[PDB]
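What follows is a set of notes on a single structure, which appears directly below.
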Amino acid sequence: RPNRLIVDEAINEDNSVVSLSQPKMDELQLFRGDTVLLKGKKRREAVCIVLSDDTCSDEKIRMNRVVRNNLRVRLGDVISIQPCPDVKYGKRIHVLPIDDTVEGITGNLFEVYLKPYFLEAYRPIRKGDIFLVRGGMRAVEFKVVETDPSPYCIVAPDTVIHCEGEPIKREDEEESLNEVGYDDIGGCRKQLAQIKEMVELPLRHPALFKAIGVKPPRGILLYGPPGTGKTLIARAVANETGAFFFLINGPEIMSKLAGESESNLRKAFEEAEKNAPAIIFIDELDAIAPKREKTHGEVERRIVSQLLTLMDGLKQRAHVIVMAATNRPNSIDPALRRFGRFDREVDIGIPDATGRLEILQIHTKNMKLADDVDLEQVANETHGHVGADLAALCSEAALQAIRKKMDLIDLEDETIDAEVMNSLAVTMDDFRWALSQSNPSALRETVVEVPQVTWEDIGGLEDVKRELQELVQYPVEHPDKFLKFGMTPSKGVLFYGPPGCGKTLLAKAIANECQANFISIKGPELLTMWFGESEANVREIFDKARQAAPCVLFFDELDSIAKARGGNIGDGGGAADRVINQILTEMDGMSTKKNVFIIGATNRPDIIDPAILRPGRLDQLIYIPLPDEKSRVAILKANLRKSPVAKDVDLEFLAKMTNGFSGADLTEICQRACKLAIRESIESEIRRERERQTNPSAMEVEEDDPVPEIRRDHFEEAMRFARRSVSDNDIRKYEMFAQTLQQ
Amino acid sequence: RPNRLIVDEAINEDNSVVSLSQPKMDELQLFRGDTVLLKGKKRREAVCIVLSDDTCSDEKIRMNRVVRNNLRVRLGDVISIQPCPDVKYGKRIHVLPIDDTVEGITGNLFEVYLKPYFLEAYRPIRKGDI
Ligand SMILES: Nc1ncnc2c1ncn2[C@@H]1O[C@H](COP(=O)(O)OP(=O)(O)O)[C@@H](O)[C@H]1O
Ligand SMILES: Nc1ncnc2c1ncn2[C@@H]1O[C@H](COP(=O)(O)OP(=O)(O)O)[C@@H](O)[C@H]1O
């Protein structure tokens, strides 16, 4: 490609001149005084006059700073140059000065600057061009916004110009089409990777894709909670690849006037057809295309059918990609899912802890933070937040810093503007306040994320860990052996044992080891979904588990069904069987292709419905015994991290003494010890408090407060309240059931 | 300039009271009951009587609504305060009610309103105020 050209410094200072080398000049067949089109980054064009220069190298183009600013490039970049012999002479232009160039001028710009520069100049101009004018003592900056014809015109003696108007701002707010590259997205690595994978080819290289003869995608759905940054993803992709991003808003299209709404939508599609590889973004799709039964009037049906027709009318045409955003996948009319229409579904989920840290790191860029910010805990204590909430949090933190500072009787002379932000910072207290006065918007949304509990957190249980890593790790890492040998891997494991032995810890540990998502369905929700809603909820939870593979779906307190079934009511039995039967039907519909692992946990195995325990469904049964000896020491050490452990004492004898104790009792003892220590510390502090009030000026020197003396005596007093969580007969029942299992 | 102060909401609802902190009185040698001269925006002017109050901050001045509208300033702005000891007892006063406040009274306003309000008050006034 003999069009790519690296940039270089220019010799002459004229605005509309670039120096070209003779070999390229003859190669490209250019002549003196001609006009060419210069294309740079961020979709910027430029018109110039080609000039010859032997000094400039072939690979380098000599060009000045004004054109570099106009094209938004820098030294060492690449700019393509194309001949432009079809330039049309202009007839009228509009020129306006920038805001920060006419301070205290108060004169007519037509004769002082415009007339000397534009006489016999023949300088072509284009929209968006920023150029500098040198005159008496100030460098006047001018902006050309209107021309005829547009955007190509040439200054001629028989032309009329006008410079009457208010001094326009620098670039107003036109930062979106220059900003929001890939540097402005955090915590969306996989989704962004998929979008880049499946969109780069149809937008970057259309000719090759046409030549191949393969159908491109024609629709992509981005569904997620509001404020997670979907339109920002679309804007970033369109602005990066290079296209004609053309946004359509839902509500504005809806209520235009009576029956003329579809005319605007058709005009939008027609405009996008004519104007090169472009991306059409439809926002709030559910607002215009809800479910068919939901619609009551007739205009809505007309709008939906018009959208469907215009979608099916995209056969070949050009390289147009349609992207839509919606809140809930089932809220869209199911007719908008056939092949040819929206078919590819991408899920933008709530950010996780690392995602929250990345978002916070991105946003806190203009602010000059103090040397006390440790955003790790600030991120990890904000579960249930989206991007917009974090942006609002940063804004409120800055405003609260202003509040704690104030313009102290500072007369607002506009002089105190730059030292406002360049004197201040942020401290923990501001962010803690903002967190306190915050309104999370996620709350009740199922969280999909890799848990952080490792094998070290649990203690002992070597055989059970071995069995789980056997049943989970091998089929995913060495599937070739299973395929060649011809076996079906197991699909479910059921944990049964006395309560509080650490089943969910083990499930989260294996989820962390496998590096797969985790979804927890607790007992209360399962019991709730009896009364009505016995089909939907199960449907979307299984669908979400499937689509985000790999994952380890967890069902806790599975016996609660028949536990609530038995009693003085006997009315949830139909609800019980319907819930269990949707569970069973969805479980049998699984396919081995997706690595979806089901784990159920219960503490009363004698009551579970026997239909579950069949091949294909949950089959393997693993028994979790009570911790013993080394397990007790391991769990005591695991609970013994804290910040204030001091040097402390041995833990062996504590494990030796307790016999018939589960994890709940040990955690209870650990909490009791810390409670006693804190009570002692606070009463000592209060003693110091009223002894200072008794004796003023007694402790003018800042004597050290009592240390974290977590003493043996405090532990021995606290754990004195030792409770036996589990009875004894339950162990016999469990062991009898286990012996019944073995034959 | 340690003379100006920022206006603030007050608690005393009398028309001729202001609330200053004791350090302000210590700095400006301000007693209790003296006559102070208040300058504000639009070149408006009024006089008042200084009263002690510890609730307000040192940089903050508390003042009621009638004086605030007299000075043509809103809360959050700045005013200039100084001692004004050259005031002496007046001789004659000419007062006239506003049109859209006396619709349907038709009585001796002197015995009804002015006599109790001006009684044993020693309220300083300046021409043009309301
Ligand atoms: N990396 C990011 N992830 C999610 N949201 C972000 C990110 N960076 C910025 N945002 C926020 O997203 C907002 C724009 O997204 P928005 O228009 O709310 O999407 P939608 O309209 O789909 O909710 C911006 O105001 C910005 O504060
Ligand atoms: N390996 C272990 N052995 C015993 N107890 C543990 C172990 N690991 C963690 N624990 C403690 O036991 C508790 C387990 O509670 P949980 O597993 O939620 O109850 P359940 O066992 O009924 O699901 C946790 O609070 C944890 O601190």
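Following the order of the structure tokens, chains are lettered A, B, ..., residues in each are numbered from 1, and ligands are numbered from 1.
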Within 12 Å of chain A: each chain B residue with its shortest pair, only C-alpha atoms, as a Markdown table:
```
| residue | atom | partner | partner_atom | distance |
| --- | --- | --- | --- | --- |
| B:1 | CA | A:409 | CA | 10.3 |
| B:2 | CA | A:409 | CA | 10.7 |
| B:3 | CA | A:409 | CA | 11.6 |
| B:4 | CA | A:409 | CA | 9.0 |
| B:5 | CA | A:409 | CA | 8.2 |
| B:6 | CA | A:409 | CA | 7.6 |
| B:7 | CA | A:409 | CA | 11.2 |
| B:59 | CA | A:409 | CA | 8.8 |
| B:60 | CA | A:409 | CA | 10.3 |
| B:76 | CA | A:409 | CA | 9.8 |
| B:77 | CA | A:409 | CA | 9.1 |
| B:78 | CA | A:409 | CA | 8.2 |
| B:79 | CA | A:409 | CA | 11.2 |
```
Enumerate as a PDB file with N, CA, C and O atoms, in the first residue's frame the residues within 8 Å of ligand 1, counting only C-alpha atoms and all ligand atoms.
```
ATOM      1  N   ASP A 184     -11.373   3.324  28.194  1.00  0.00           N
ATOM      2  CA  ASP A 184     -12.454   3.827  29.028  1.00  0.00           C
ATOM      3  C   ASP A 184     -13.509   2.748  29.264  1.00  0.00           C
ATOM      4  O   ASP A 184     -14.707   3.023  29.317  1.00  0.00           O
ATOM      5  N   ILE A 185     -13.075   1.496  29.378  1.00  0.00           N
ATOM      6  CA  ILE A 185     -13.940   0.398  29.798  1.00  0.00           C
ATOM      7  C   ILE A 185     -13.160  -0.466  30.776  1.00  0.00           C
ATOM      8  O   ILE A 185     -12.005  -0.816  30.516  1.00  0.00           O
ATOM      9  N   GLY A 186     -13.783  -0.810  31.892  1.00  0.00           N
ATOM     10  CA  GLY A 186     -13.147  -1.658  32.881  1.00  0.00           C
ATOM     11  C   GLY A 186     -14.103  -2.724  33.366  1.00  0.00           C
ATOM     12  O   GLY A 186     -15.311  -2.504  33.474  1.00  0.00           O
ATOM     13  N   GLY A 187     -13.545  -3.893  33.661  1.00  0.00           N
ATOM     14  CA  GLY A 187     -14.340  -4.994  34.170  1.00  0.00           C
ATOM     15  C   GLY A 187     -15.288  -5.611  33.168  1.00  0.00           C
ATOM     16  O   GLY A 187     -16.309  -6.181  33.563  1.00  0.00           O
ATOM     17  N   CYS A 188     -14.983  -5.507  31.878  1.00  0.00           N
ATOM     18  CA  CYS A 188     -15.788  -6.123  30.829  1.00  0.00           C
ATOM     19  C   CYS A 188     -14.885  -6.761  29.787  1.00  0.00           C
ATOM     20  O   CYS A 188     -15.055  -6.557  28.582  1.00  0.00           O
ATOM     21  N   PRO A 225     -28.593  -4.782  33.446  1.00  0.00           N
ATOM     22  CA  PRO A 225     -29.240  -3.756  34.258  1.00  0.00           C
ATOM     23  C   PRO A 225     -28.880  -2.371  33.756  1.00  0.00           C
ATOM     24  O   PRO A 225     -27.799  -2.166  33.181  1.00  0.00           O
ATOM     25  N   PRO A 226     -29.759  -1.388  33.941  1.00  0.00           N
ATOM     26  CA  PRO A 226     -29.471  -0.040  33.444  1.00  0.00           C
ATOM     27  C   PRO A 226     -28.275   0.575  34.148  1.00  0.00           C
ATOM     28  O   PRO A 226     -28.055   0.374  35.344  1.00  0.00           O
ATOM     29  N   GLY A 227     -27.504   1.346  33.389  1.00  0.00           N
ATOM     30  CA  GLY A 227     -26.339   2.010  33.925  1.00  0.00           C
ATOM     31  C   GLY A 227     -25.064   1.197  33.928  1.00  0.00           C
ATOM     32  O   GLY A 227     -24.058   1.663  34.472  1.00  0.00           O
ATOM     33  N   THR A 228     -25.067  -0.002  33.347  1.00  0.00           N
ATOM     34  CA  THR A 228     -23.850  -0.801  33.301  1.00  0.00           C
ATOM     35  C   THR A 228     -22.936  -0.427  32.145  1.00  0.00           C
ATOM     36  O   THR A 228     -21.844  -0.993  32.037  1.00  0.00           O
ATOM     37  N   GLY A 229     -23.352   0.490  31.279  1.00  0.00           N
ATOM     38  CA  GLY A 229     -22.478   0.975  30.231  1.00  0.00           C
ATOM     39  C   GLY A 229     -22.557   0.198  28.936  1.00  0.00           C
ATOM     40  O   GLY A 229     -21.536  -0.272  28.432  1.00  0.00           O
ATOM     41  N   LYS A 230     -23.761   0.050  28.385  1.00  0.00           N
ATOM     42  CA  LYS A 230     -23.896  -0.621  27.097  1.00  0.00           C
ATOM     43  C   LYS A 230     -23.680   0.349  25.943  1.00  0.00           C
ATOM     44  O   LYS A 230     -22.895   0.072  25.022  1.00  0.00           O
ATOM     45  N   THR A 231     -24.364   1.495  25.975  1.00  0.00           N
ATOM     46  CA  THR A 231     -24.159   2.491  24.933  1.00  0.00           C
ATOM     47  C   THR A 231     -22.710   2.937  24.874  1.00  0.00           C
ATOM     48  O   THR A 231     -22.216   3.295  23.802  1.00  0.00           O
ATOM     49  N   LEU A 232     -21.999   2.888  25.999  1.00  0.00           N
ATOM     50  CA  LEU A 232     -20.582   3.218  25.968  1.00  0.00           C
ATOM     51  C   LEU A 232     -19.792   2.156  25.216  1.00  0.00           C
ATOM     52  O   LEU A 232     -18.844   2.477  24.495  1.00  0.00           O
ATOM     53  N   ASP A 283     -31.833   2.145  21.335  1.00  0.00           N
ATOM     54  CA  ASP A 283     -31.796   2.147  22.788  1.00  0.00           C
ATOM     55  C   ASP A 283     -33.199   1.965  23.349  1.00  0.00           C
ATOM     56  O   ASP A 283     -34.176   2.449  22.772  1.00  0.00           O
ATOM     57  N   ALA A 325     -30.239  -2.531  22.802  1.00  0.00           N
ATOM     58  CA  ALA A 325     -30.053  -2.628  24.242  1.00  0.00           C
ATOM     59  C   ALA A 325     -31.404  -2.816  24.910  1.00  0.00           C
ATOM     60  O   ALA A 325     -32.362  -2.114  24.583  1.00  0.00           O
ATOM     61  N   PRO A 351     -20.529  -5.455  37.524  1.00  0.00           N
ATOM     62  CA  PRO A 351     -19.090  -5.622  37.747  1.00  0.00           C
ATOM     63  C   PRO A 351     -18.798  -6.295  39.079  1.00  0.00           C
ATOM     64  O   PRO A 351     -19.560  -6.181  40.040  1.00  0.00           O
ATOM     65  N   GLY A 355     -13.559  -5.491  38.851  1.00  0.00           N
ATOM     66  CA  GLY A 355     -14.186  -4.536  37.956  1.00  0.00           C
ATOM     67  C   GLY A 355     -14.478  -3.212  38.636  1.00  0.00           C
ATOM     68  O   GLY A 355     -14.283  -2.146  38.049  1.00  0.00           O
ATOM     69  N   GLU A 358     -11.278  -1.329  38.938  1.00  0.00           N
ATOM     70  CA  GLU A 358     -10.881  -0.753  37.657  1.00  0.00           C
ATOM     71  C   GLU A 358     -11.709   0.479  37.317  1.00  0.00           C
ATOM     72  O   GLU A 358     -11.170   1.484  36.839  1.00  0.00           O
ATOM     73  N   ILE A 359     -13.020   0.422  37.552  1.00  0.00           N
ATOM     74  CA  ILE A 359     -13.869   1.574  37.264  1.00  0.00           C
ATOM     75  C   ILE A 359     -13.451   2.763  38.114  1.00  0.00           C
ATOM     76  O   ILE A 359     -13.322   3.891  37.618  1.00  0.00           O
ATOM     77  N   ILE A 362     -10.308   4.268  36.859  1.00  0.00           N
ATOM     78  CA  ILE A 362     -10.509   5.027  35.628  1.00  0.00           C
ATOM     79  C   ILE A 362     -11.091   6.400  35.933  1.00  0.00           C
ATOM     80  O   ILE A 362     -10.629   7.418  35.405  1.00  0.00           O
ATOM     81  N   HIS A 363     -12.113   6.453  36.790  1.00  0.00           N
ATOM     82  CA  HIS A 363     -12.834   7.708  36.986  1.00  0.00           C
ATOM     83  C   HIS A 363     -12.005   8.729  37.757  1.00  0.00           C
ATOM     84  O   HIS A 363     -12.050   9.925  37.452  1.00  0.00           O
ATOM     85  N   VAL A 386     -23.124  -0.235  40.208  1.00  0.00           N
ATOM     86  CA  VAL A 386     -22.870  -0.242  38.773  1.00  0.00           C
ATOM     87  C   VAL A 386     -21.993   0.955  38.433  1.00  0.00           C
ATOM     88  O   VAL A 386     -21.540   1.674  39.329  1.00  0.00           O
ATOM     89  N   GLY A 387     -21.735   1.173  37.144  1.00  0.00           N
ATOM     90  CA  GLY A 387     -20.834   2.249  36.758  1.00  0.00           C
ATOM     91  C   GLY A 387     -21.349   3.626  37.135  1.00  0.00           C
ATOM     92  O   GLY A 387     -20.597   4.464  37.646  1.00  0.00           O
ATOM     93  N   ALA A 388     -22.635   3.878  36.893  1.00  0.00           N
ATOM     94  CA  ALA A 388     -23.194   5.197  37.169  1.00  0.00           C
ATOM     95  C   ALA A 388     -23.116   5.529  38.652  1.00  0.00           C
ATOM     96  O   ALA A 388     -22.836   6.675  39.026  1.00  0.00           O
ATOM     97  N   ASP A 389     -23.364   4.540  39.510  1.00  0.00           N
ATOM     98  CA  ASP A 389     -23.266   4.771  40.945  1.00  0.00           C
ATOM     99  C   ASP A 389     -21.854   5.172  41.339  1.00  0.00           C
ATOM    100  O   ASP A 389     -21.666   6.062  42.172  1.00  0.00           O
ATOM    101  N   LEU A 390     -20.845   4.536  40.744  1.00  0.00           N
ATOM    102  CA  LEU A 390     -19.466   4.871  41.082  1.00  0.00           C
ATOM    103  C   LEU A 390     -19.087   6.261  40.580  1.00  0.00           C
ATOM    104  O   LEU A 390     -18.369   7.002  41.266  1.00  0.00           O
ATOM    105  N   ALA A 391     -19.560   6.639  39.391  1.00  0.00           N
ATOM    106  CA  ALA A 391     -19.314   7.999  38.920  1.00  0.00           C
ATOM    107  C   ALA A 391     -19.953   9.027  39.848  1.00  0.00           C
ATOM    108  O   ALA A 391     -19.326  10.037  40.206  1.00  0.00           O
ATOM    109  N   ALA A 392     -21.201   8.784  40.257  1.00  0.00           N
ATOM    110  CA  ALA A 392     -21.859   9.694  41.187  1.00  0.00           C
ATOM    111  C   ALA A 392     -21.128   9.731  42.520  1.00  0.00           C
ATOM    112  O   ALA A 392     -21.051  10.781  43.167  1.00  0.00           O
TER     113      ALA A 392
END
```
As a quick test: using only C-alpha atoms and all ligand atoms, which residues lie no more than 6 Å away from ligand 2? Give them as an NGL selection string. :A and (457-459 or 499-505 or 627 or 635 or 662-664 or 667)
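Omitting residue 74 in chain B and its sequence neighbours fewer than 6 positions away, and counting only C-alpha atoms, the residues within 12 Å are residues 6, 7, 8, 9, 40, 41, 63, 64, 65, 66, 67 and 68 of chain B.
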Keeping C-alpha atoms, export the residues of the selection given above as a PDB file, in the first residue's frame.
```pdb
ATOM      1  CA  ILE B   6     -21.440  36.515  56.014  1.00  0.00           C
ATOM      2  CA  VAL B   7     -25.151  36.697  56.806  1.00  0.00           C
ATOM      3  CA  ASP B   8     -27.007  33.731  58.275  1.00  0.00           C
ATOM      4  CA  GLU B   9     -30.400  32.680  59.588  1.00  0.00           C
ATOM      5  CA  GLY B  40     -24.623  46.094  52.004  1.00  0.00           C
ATOM      6  CA  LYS B  41     -25.424  45.841  48.313  1.00  0.00           C
ATOM      7  CA  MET B  63     -29.914  38.457  61.430  1.00  0.00           C
ATOM      8  CA  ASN B  64     -33.681  38.359  60.953  1.00  0.00           C
ATOM      9  CA  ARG B  65     -35.718  38.825  57.794  1.00  0.00           C
ATOM     10  CA  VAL B  66     -36.824  42.471  57.924  1.00  0.00           C
ATOM     11  CA  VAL B  67     -33.265  43.806  58.165  1.00  0.00           C
ATOM     12  CA  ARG B  68     -32.172  41.314  55.509  1.00  0.00           C
TER      13      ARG B  68
END
```
If you run DSSP on the backbone, which residues of range 11-198 of chain A are strand (DSSP E), as a ChimeraX atom specification? /A:17-20,35-39,45-52,60-63,78-83,92-97,124-125,130-134,139-148,153-154,160-162
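Pairwise distance (CA of residue 104 in chain A, CA of residue 131 in chain A) equals 20.4 Å.
Among the candidates B:81, B:11, B:56, B:73, the residue lying nearest to residue 28 in chain B is B:81 (atoms considered: only C-alpha atoms).
All residues in range 46-127 of chain B with a DSSP state of helix (DSSP H, G or I), computed from the backbone, read residues 65, 66, 67, 68, 69, 70, 99, 100, 101, 109, 110, 111, 112, 113, 114, 115, 116 and 117 of chain B.
Taking CA of residue 677 in chain A as the reference point, CA of residue 695 in chain A is found at 26.9 Å.
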